[PDB]
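Here is the file structure-v1.pdb (PDB, N, CA and C atoms).
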ATOM      1  N   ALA A   1     -13.852  -4.076 -14.063  1.00  0.00           N
ATOM      2  CA  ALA A   1     -14.637  -5.065 -13.307  1.00  0.00           C
ATOM      3  C   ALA A   1     -13.784  -6.269 -12.920  1.00  0.00           C
ATOM      4  N   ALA A   2     -14.070  -6.881 -11.767  1.00  0.00           N
ATOM      5  CA  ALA A   2     -13.510  -8.181 -11.376  1.00  0.00           C
ATOM      6  C   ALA A   2     -14.461  -8.958 -10.439  1.00  0.00           C
ATOM      7  N   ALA A   3     -14.117 -10.206 -10.108  1.00  0.00           N
ATOM      8  CA  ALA A   3     -15.046 -11.160  -9.506  1.00  0.00           C
ATOM      9  C   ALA A   3     -15.440 -11.011  -8.025  1.00  0.00           C
ATOM     10  N   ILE A   4     -14.750 -10.172  -7.256  1.00  0.00           N
ATOM     11  CA  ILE A   4     -15.070  -9.871  -5.855  1.00  0.00           C
ATOM     12  C   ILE A   4     -14.669  -8.442  -5.467  1.00  0.00           C
ATOM     13  N   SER A   5     -15.219  -7.953  -4.356  1.00  0.00           N
ATOM     14  CA  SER A   5     -14.739  -6.749  -3.673  1.00  0.00           C
ATOM     15  C   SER A   5     -13.569  -7.121  -2.756  1.00  0.00           C
ATOM     16  N   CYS A   6     -12.386  -6.582  -3.049  1.00  0.00           N
ATOM     17  CA  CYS A   6     -11.143  -6.909  -2.338  1.00  0.00           C
ATOM     18  C   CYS A   6     -11.206  -6.453  -0.864  1.00  0.00           C
ATOM     19  N   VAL A   7     -11.830  -5.296  -0.615  1.00  0.00           N
ATOM     20  CA  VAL A   7     -11.963  -4.602   0.684  1.00  0.00           C
ATOM     21  C   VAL A   7     -12.692  -5.331   1.818  1.00  0.00           C
ATOM     22  N   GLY A   8     -13.424  -6.405   1.528  1.00  0.00           N
ATOM     23  CA  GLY A   8     -14.354  -7.053   2.458  1.00  0.00           C
ATOM     24  C   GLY A   8     -13.814  -7.351   3.863  1.00  0.00           C
ATOM     25  N   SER A   9     -13.021  -8.421   3.970  1.00  0.00           N
ATOM     26  CA  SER A   9     -12.353  -8.842   5.212  1.00  0.00           C
ATOM     27  C   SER A   9     -11.015  -9.525   4.902  1.00  0.00           C
ATOM     28  N   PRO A  10     -10.978 -10.647   4.156  1.00  0.00           N
ATOM     29  CA  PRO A  10      -9.735 -11.179   3.591  1.00  0.00           C
ATOM     30  C   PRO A  10      -9.397 -10.396   2.308  1.00  0.00           C
ATOM     31  N   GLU A  11      -8.207 -10.580   1.730  1.00  0.00           N
ATOM     32  CA  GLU A  11      -7.872  -9.991   0.423  1.00  0.00           C
ATOM     33  C   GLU A  11      -8.737 -10.596  -0.702  1.00  0.00           C
ATOM     34  N   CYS A  12      -8.535 -11.865  -1.083  1.00  0.00           N
ATOM     35  CA  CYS A  12      -9.190 -12.388  -2.293  1.00  0.00           C
ATOM     36  C   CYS A  12      -9.526 -13.889  -2.356  1.00  0.00           C
ATOM     37  N   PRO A  13      -8.565 -14.832  -2.438  1.00  0.00           N
ATOM     38  CA  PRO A  13      -8.866 -16.230  -2.738  1.00  0.00           C
ATOM     39  C   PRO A  13      -9.910 -16.925  -1.831  1.00  0.00           C
ATOM     40  N   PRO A  14      -9.985 -16.708  -0.498  1.00  0.00           N
ATOM     41  CA  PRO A  14     -11.010 -17.325   0.367  1.00  0.00           C
ATOM     42  C   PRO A  14     -12.398 -16.658   0.269  1.00  0.00           C
ATOM     43  N   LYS A  15     -12.535 -15.603  -0.552  1.00  0.00           N
ATOM     44  CA  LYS A  15     -13.786 -14.874  -0.818  1.00  0.00           C
ATOM     45  C   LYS A  15     -14.414 -15.256  -2.173  1.00  0.00           C
ATOM     46  N   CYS A  16     -13.620 -15.760  -3.128  1.00  0.00           N
ATOM     47  CA  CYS A  16     -14.103 -16.236  -4.438  1.00  0.00           C
ATOM     48  C   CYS A  16     -14.971 -17.514  -4.343  1.00  0.00           C
ATOM     49  N   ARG A  17     -14.705 -18.365  -3.336  1.00  0.00           N
ATOM     50  CA  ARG A  17     -15.473 -19.548  -2.913  1.00  0.00           C
ATOM     51  C   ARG A  17     -15.130 -19.938  -1.467  1.00  0.00           C
ATOM     52  N   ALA A  18     -15.955 -20.785  -0.861  1.00  0.00           N
ATOM     53  CA  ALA A  18     -15.896 -21.170   0.554  1.00  0.00           C
ATOM     54  C   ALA A  18     -14.583 -21.860   0.971  1.00  0.00           C
ATOM     55  N   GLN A  19     -14.142 -22.864   0.207  1.00  0.00           N
ATOM     56  CA  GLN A  19     -12.862 -23.566   0.410  1.00  0.00           C
ATOM     57  C   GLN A  19     -11.639 -22.801  -0.147  1.00  0.00           C
ATOM     58  N   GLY A  20     -11.882 -21.622  -0.720  1.00  0.00           N
ATOM     59  CA  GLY A  20     -10.901 -20.738  -1.337  1.00  0.00           C
ATOM     60  C   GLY A  20     -10.363 -21.189  -2.697  1.00  0.00           C
ATOM     61  N   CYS A  21     -10.094 -20.208  -3.558  1.00  0.00           N
ATOM     62  CA  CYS A  21      -9.377 -20.415  -4.813  1.00  0.00           C
ATOM     63  C   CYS A  21      -7.869 -20.599  -4.593  1.00  0.00           C
ATOM     64  N   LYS A  22      -7.195 -21.125  -5.621  1.00  0.00           N
ATOM     65  CA  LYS A  22      -5.773 -21.493  -5.588  1.00  0.00           C
ATOM     66  C   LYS A  22      -4.881 -20.257  -5.415  1.00  0.00           C
ATOM     67  N   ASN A  23      -5.130 -19.193  -6.184  1.00  0.00           N
ATOM     68  CA  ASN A  23      -4.514 -17.866  -6.024  1.00  0.00           C
ATOM     69  C   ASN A  23      -5.474 -16.755  -6.530  1.00  0.00           C
ATOM     70  N   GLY A  24      -5.081 -15.484  -6.431  1.00  0.00           N
ATOM     71  CA  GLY A  24      -5.761 -14.327  -7.016  1.00  0.00           C
ATOM     72  C   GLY A  24      -4.857 -13.087  -7.094  1.00  0.00           C
ATOM     73  N   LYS A  25      -5.336 -12.027  -7.756  1.00  0.00           N
ATOM     74  CA  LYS A  25      -4.651 -10.727  -7.889  1.00  0.00           C
ATOM     75  C   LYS A  25      -5.629  -9.562  -7.774  1.00  0.00           C
ATOM     76  N   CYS A  26      -5.398  -8.711  -6.778  1.00  0.00           N
ATOM     77  CA  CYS A  26      -6.174  -7.516  -6.460  1.00  0.00           C
ATOM     78  C   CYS A  26      -5.383  -6.254  -6.834  1.00  0.00           C
ATOM     79  N   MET A  27      -5.972  -5.376  -7.654  1.00  0.00           N
ATOM     80  CA  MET A  27      -5.311  -4.155  -8.146  1.00  0.00           C
ATOM     81  C   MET A  27      -5.846  -2.915  -7.427  1.00  0.00           C
ATOM     82  N   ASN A  28      -7.146  -2.631  -7.572  1.00  0.00           N
ATOM     83  CA  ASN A  28      -7.818  -1.520  -6.898  1.00  0.00           C
ATOM     84  C   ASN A  28      -9.280  -1.888  -6.589  1.00  0.00           C
ATOM     85  N   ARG A  29      -9.602  -2.015  -5.290  1.00  0.00           N
ATOM     86  CA  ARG A  29     -10.837  -2.555  -4.667  1.00  0.00           C
ATOM     87  C   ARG A  29     -11.381  -3.885  -5.175  1.00  0.00           C
ATOM     88  N   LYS A  30     -10.821  -4.488  -6.219  1.00  0.00           N
ATOM     89  CA  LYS A  30     -11.382  -5.641  -6.938  1.00  0.00           C
ATOM     90  C   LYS A  30     -10.322  -6.724  -7.140  1.00  0.00           C
ATOM     91  N   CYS A  31     -10.726  -7.950  -7.486  1.00  0.00           N
ATOM     92  CA  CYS A  31      -9.775  -9.055  -7.679  1.00  0.00           C
ATOM     93  C   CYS A  31     -10.208 -10.067  -8.750  1.00  0.00           C
ATOM     94  N   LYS A  32      -9.221 -10.615  -9.472  1.00  0.00           N
ATOM     95  CA  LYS A  32      -9.349 -11.762 -10.387  1.00  0.00           C
ATOM     96  C   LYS A  32      -8.787 -13.017  -9.707  1.00  0.00           C
ATOM     97  N   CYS A  33      -9.523 -14.128  -9.728  1.00  0.00           N
ATOM     98  CA  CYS A  33      -9.119 -15.395  -9.097  1.00  0.00           C
ATOM     99  C   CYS A  33      -8.512 -16.375 -10.125  1.00  0.00           C
ATOM    100  N   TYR A  34      -7.413 -17.041  -9.757  1.00  0.00           N
ATOM    101  CA  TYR A  34      -6.559 -17.834 -10.652  1.00  0.00           C
ATOM    102  C   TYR A  34      -6.534 -19.327 -10.324  1.00  0.00           C
ATOM    103  N   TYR A  35      -6.239 -20.122 -11.360  1.00  0.00           N
ATOM    104  CA  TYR A  35      -6.145 -21.585 -11.347  1.00  0.00           C
ATOM    105  C   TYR A  35      -7.372 -22.253 -10.693  1.00  0.00           C
ATOM    106  N   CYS A  36      -8.556 -21.634 -10.810  1.00  0.00           N
ATOM    107  CA  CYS A  36      -9.767 -21.957 -10.044  1.00  0.00           C
ATOM    108  C   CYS A  36     -11.040 -21.916 -10.896  1.00  0.00           C
TER     109      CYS A  36
END
Could the structure of this file be written out as structure tokens, please?
Amino acid sequence: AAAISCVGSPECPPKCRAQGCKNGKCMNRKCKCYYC
């Protein structure tokens, strides 16, 4: 499990919140958001 679906439209950080997270890491269809 992780906090978003990576496949949506962007990769990850601008999908975790509206103004975007600081960074993230996507492995397989999913992503963890960092420093956020």
TODO: Apply the PyMOL selection byres (((chain A and resi 13 and name CA) around 8) and name CA) to the structure shown and report the selected residues as a VMD selection string.
DONE: chain A and resid 11 to 12 14 to 17 20 to 24 33
Task: Point-to-point distance from atom CA of residue 4 of chain A to atom CA of residue 36 of chain A, Å rounded to tenths - done: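 Atom CA of residue 36 of chain A lies at a distance of 13.8 Å from atom CA of residue 4 of chain A.
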- [ ] Could you tell me which residues the PyMOL selection byres ((chain A and resi 29) around 5) grabs in this file, written as a list in words?
- [x] residues 5, 6, 7, 27, 28, 30 and 31 of chain A
Task: In chain A, DSSP strand (DSSP E or B) residues written as a ChimeraX atom specification - done: /A:4-5,23-26,30-34
Let's have the selection written as a compact mmCIF listing (two decimals), in the coordinates of the input, with N, CA and C atoms.
# COMPACT_ATOMS: atom_id res chain seq x y z
N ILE A 4 -14.75 -10.17 -7.26
CA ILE A 4 -15.07 -9.87 -5.86
C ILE A 4 -14.67 -8.44 -5.47
N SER A 5 -15.22 -7.95 -4.36
CA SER A 5 -14.74 -6.75 -3.67
C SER A 5 -13.57 -7.12 -2.76
N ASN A 23 -5.13 -19.19 -6.18
CA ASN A 23 -4.51 -17.87 -6.02
C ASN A 23 -5.47 -16.76 -6.53
N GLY A 24 -5.08 -15.48 -6.43
CA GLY A 24 -5.76 -14.33 -7.02
C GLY A 24 -4.86 -13.09 -7.09
N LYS A 25 -5.34 -12.03 -7.76
CA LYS A 25 -4.65 -10.73 -7.89
C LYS A 25 -5.63 -9.56 -7.77
N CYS A 26 -5.40 -8.71 -6.78
CA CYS A 26 -6.17 -7.52 -6.46
C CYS A 26 -5.38 -6.25 -6.83
N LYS A 30 -10.82 -4.49 -6.22
CA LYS A 30 -11.38 -5.64 -6.94
C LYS A 30 -10.32 -6.72 -7.14
N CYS A 31 -10.73 -7.95 -7.49
CA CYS A 31 -9.78 -9.06 -7.68
C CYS A 31 -10.21 -10.07 -8.75
N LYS A 32 -9.22 -10.62 -9.47
CA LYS A 32 -9.35 -11.76 -10.39
C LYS A 32 -8.79 -13.02 -9.71
N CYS A 33 -9.52 -14.13 -9.73
CA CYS A 33 -9.12 -15.40 -9.10
C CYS A 33 -8.51 -16.38 -10.12
N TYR A 34 -7.41 -17.04 -9.76
CA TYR A 34 -6.56 -17.83 -10.65
C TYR A 34 -6.53 -19.33 -10.32
Open item on the list: So that I can check the secondary structure, give me every residue of chain A assigned alpha helix (DSSP H) by backbone DSSP, as an MDAnalysis selection string.
Closed with: chainID A and resid 13:16
Can you take the partial segment 5-21 of chain A, add N, CA, C and O atoms, and return it as a PDB file, in the coordinates of the input?
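This is the output file result35.pdb:
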ATOM      1  N   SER A   5     -15.219  -7.953  -4.356  1.00  0.00           N
ATOM      2  CA  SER A   5     -14.739  -6.749  -3.673  1.00  0.00           C
ATOM      3  C   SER A   5     -13.569  -7.121  -2.756  1.00  0.00           C
ATOM      4  O   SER A   5     -13.694  -7.896  -1.803  1.00  0.00           O
ATOM      5  N   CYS A   6     -12.386  -6.582  -3.049  1.00  0.00           N
ATOM      6  CA  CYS A   6     -11.143  -6.909  -2.338  1.00  0.00           C
ATOM      7  C   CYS A   6     -11.206  -6.453  -0.864  1.00  0.00           C
ATOM      8  O   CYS A   6     -10.831  -7.196   0.041  1.00  0.00           O
ATOM      9  N   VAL A   7     -11.830  -5.296  -0.615  1.00  0.00           N
ATOM     10  CA  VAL A   7     -11.963  -4.602   0.684  1.00  0.00           C
ATOM     11  C   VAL A   7     -12.692  -5.331   1.818  1.00  0.00           C
ATOM     12  O   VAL A   7     -12.622  -4.874   2.957  1.00  0.00           O
ATOM     13  N   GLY A   8     -13.424  -6.405   1.528  1.00  0.00           N
ATOM     14  CA  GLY A   8     -14.354  -7.053   2.458  1.00  0.00           C
ATOM     15  C   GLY A   8     -13.814  -7.351   3.863  1.00  0.00           C
ATOM     16  O   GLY A   8     -14.122  -6.638   4.821  1.00  0.00           O
ATOM     17  N   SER A   9     -13.021  -8.421   3.970  1.00  0.00           N
ATOM     18  CA  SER A   9     -12.353  -8.842   5.212  1.00  0.00           C
ATOM     19  C   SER A   9     -11.015  -9.525   4.902  1.00  0.00           C
ATOM     20  O   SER A   9      -9.979  -9.008   5.318  1.00  0.00           O
ATOM     21  N   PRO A  10     -10.978 -10.647   4.156  1.00  0.00           N
ATOM     22  CA  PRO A  10      -9.735 -11.179   3.591  1.00  0.00           C
ATOM     23  C   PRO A  10      -9.397 -10.396   2.308  1.00  0.00           C
ATOM     24  O   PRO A  10     -10.254  -9.668   1.792  1.00  0.00           O
ATOM     25  N   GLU A  11      -8.207 -10.580   1.730  1.00  0.00           N
ATOM     26  CA  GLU A  11      -7.872  -9.991   0.423  1.00  0.00           C
ATOM     27  C   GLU A  11      -8.737 -10.596  -0.702  1.00  0.00           C
ATOM     28  O   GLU A  11      -9.638  -9.920  -1.205  1.00  0.00           O
ATOM     29  N   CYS A  12      -8.535 -11.865  -1.083  1.00  0.00           N
ATOM     30  CA  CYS A  12      -9.190 -12.388  -2.293  1.00  0.00           C
ATOM     31  C   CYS A  12      -9.526 -13.889  -2.356  1.00  0.00           C
ATOM     32  O   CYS A  12     -10.720 -14.211  -2.328  1.00  0.00           O
ATOM     33  N   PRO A  13      -8.565 -14.832  -2.438  1.00  0.00           N
ATOM     34  CA  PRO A  13      -8.866 -16.230  -2.738  1.00  0.00           C
ATOM     35  C   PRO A  13      -9.910 -16.925  -1.831  1.00  0.00           C
ATOM     36  O   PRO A  13     -10.744 -17.634  -2.401  1.00  0.00           O
ATOM     37  N   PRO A  14      -9.985 -16.708  -0.498  1.00  0.00           N
ATOM     38  CA  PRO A  14     -11.010 -17.325   0.367  1.00  0.00           C
ATOM     39  C   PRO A  14     -12.398 -16.658   0.269  1.00  0.00           C
ATOM     40  O   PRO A  14     -13.342 -17.088   0.936  1.00  0.00           O
ATOM     41  N   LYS A  15     -12.535 -15.603  -0.552  1.00  0.00           N
ATOM     42  CA  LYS A  15     -13.786 -14.874  -0.818  1.00  0.00           C
ATOM     43  C   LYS A  15     -14.414 -15.256  -2.173  1.00  0.00           C
ATOM     44  O   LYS A  15     -15.625 -15.139  -2.333  1.00  0.00           O
ATOM     45  N   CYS A  16     -13.620 -15.760  -3.128  1.00  0.00           N
ATOM     46  CA  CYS A  16     -14.103 -16.236  -4.438  1.00  0.00           C
ATOM     47  C   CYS A  16     -14.971 -17.514  -4.343  1.00  0.00           C
ATOM     48  O   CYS A  16     -15.862 -17.717  -5.178  1.00  0.00           O
ATOM     49  N   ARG A  17     -14.705 -18.365  -3.336  1.00  0.00           N
ATOM     50  CA  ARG A  17     -15.473 -19.548  -2.913  1.00  0.00           C
ATOM     51  C   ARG A  17     -15.130 -19.938  -1.467  1.00  0.00           C
ATOM     52  O   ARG A  17     -14.082 -19.540  -0.961  1.00  0.00           O
ATOM     53  N   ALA A  18     -15.955 -20.785  -0.861  1.00  0.00           N
ATOM     54  CA  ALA A  18     -15.896 -21.170   0.554  1.00  0.00           C
ATOM     55  C   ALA A  18     -14.583 -21.860   0.971  1.00  0.00           C
ATOM     56  O   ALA A  18     -13.942 -21.461   1.943  1.00  0.00           O
ATOM     57  N   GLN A  19     -14.142 -22.864   0.207  1.00  0.00           N
ATOM     58  CA  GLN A  19     -12.862 -23.566   0.410  1.00  0.00           C
ATOM     59  C   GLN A  19     -11.639 -22.801  -0.147  1.00  0.00           C
ATOM     60  O   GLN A  19     -10.501 -23.258  -0.056  1.00  0.00           O
ATOM     61  N   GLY A  20     -11.882 -21.622  -0.720  1.00  0.00           N
ATOM     62  CA  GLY A  20     -10.901 -20.738  -1.337  1.00  0.00           C
ATOM     63  C   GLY A  20     -10.363 -21.189  -2.697  1.00  0.00           C
ATOM     64  O   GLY A  20     -10.185 -22.375  -2.980  1.00  0.00           O
ATOM     65  N   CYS A  21     -10.094 -20.208  -3.558  1.00  0.00           N
ATOM     66  CA  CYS A  21      -9.377 -20.415  -4.813  1.00  0.00           C
ATOM     67  C   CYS A  21      -7.869 -20.599  -4.593  1.00  0.00           C
ATOM     68  O   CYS A  21      -7.324 -20.272  -3.537  1.00  0.00           O
TER      69      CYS A  21
END
